[PDB]
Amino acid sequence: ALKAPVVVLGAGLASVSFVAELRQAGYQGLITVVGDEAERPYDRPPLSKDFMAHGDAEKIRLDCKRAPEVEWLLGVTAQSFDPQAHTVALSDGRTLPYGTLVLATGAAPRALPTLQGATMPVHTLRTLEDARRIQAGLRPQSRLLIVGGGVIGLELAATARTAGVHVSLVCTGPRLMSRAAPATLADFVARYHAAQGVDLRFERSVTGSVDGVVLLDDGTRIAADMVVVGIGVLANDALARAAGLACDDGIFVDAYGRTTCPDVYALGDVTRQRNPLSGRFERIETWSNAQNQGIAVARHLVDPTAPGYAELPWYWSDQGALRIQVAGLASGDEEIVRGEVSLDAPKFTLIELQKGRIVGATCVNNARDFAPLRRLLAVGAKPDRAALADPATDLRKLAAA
């Protein structure tokens, strides 16, 4: 079952979390990790936040201390694996044997086909190298265009505005943060960015570019010194596809992290997996999933009596003065708003319910509310709705009961 030696492809958060948990749970056999980036393993959330602002990569490294006795092959690409021979072929000419193979290869930014032949700077934001490249162009008074309405682009927008960069943004949908965010939150976030000087363009798509100017499908133009494309990511599942595993923009896994190929597991951004709230398969693109799924899969490999992965989804986003936290589903049949939604010292909580049951929550500048809401969410609590709205109501009280 858990058969030595263990080989992990990818050296991001999911991989680090997984191998640390293998060691902590008591597995003492060989562990080898193959990472294509020639970088000490690092966390990605800082890249559009404090790193983009302050540039010190030695503040963003992952702690591999809880993963002793691991050989990290950095700057090496796994090119294929043979699931019958139980081997992995590396770009440096070597081959690794495995008893258990774990695919933790993440996802890469989608390219925008209409900007393929662009003759102006066009970047995406995924890696430390990407971040350094973009930062090297955040000249004060320069003009940045962001393509996409997702959180990473908005975090970059906020960082850029703080640095004195003019920012425009084009969004194909009618609202920002179309994925996994309540409409009430999305509408407020737009109001915030607009108030901070971001030039927002909704329901627009990029049709091309000419001599430093981007073209839109309404027949208009946006000049910029740099374009950062952030229209989502695609799973890095090429090795899995070639080896015959079930994949569809993501490697299908069950709650034990098993793929359709025996002795091969997958975790993190590369996986398509069950969302227990919706009961549907989804590719879950969050820090908490990478860590939590990695830990759960490792724990169950060492101890088969352990339950499968069961954590509910959540993420956070730091956008200027907004500290955003979102858990569970974006919507249900009811939203309860705790507090006022205002640009004057923003602070509020949203709760989404389905037939009385909490299925999601949002906190903006209220971390203290978020933890008890996540616990209520976890057991599908059906609290008193007026109490949920009432500001006199304390939420940590409810969760404890």
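One rule holds for the numbers: they count along the sequence shown, beginning at 1.
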Pick between 199-207 and 272-280: the one whose mean CA B-factor in the entry is higher.
199-207
Can you let me know which of the two, 127-135 or 239-247, has the higher average C-alpha B-factor in the entry?
127-135
Report the option among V88, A163, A290, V326 whose CA atom has the maximum B-factor in the deposited record.
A163
Go through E58, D36, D43, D333 one by one and give the residue whose Cα B-factor in the PDB entry is largest.
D333
Which third of the chain holds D187 when residues are ordered by C-alpha B factor: lowest, middle or highest?
highest
Ranked C-alpha temperature factor of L176 among modelled chain residues, by third:
middle
Which third, lowest, middle or highest, does the C-alpha temperature factor of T32 belong to within its own chain?
lowest
By the entry's values, the third containing the CA B factor of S317 is the lowest
Please place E155 in the lowest, middle or highest third of its chain according to the CA B-factor in the PDB entry.
middle
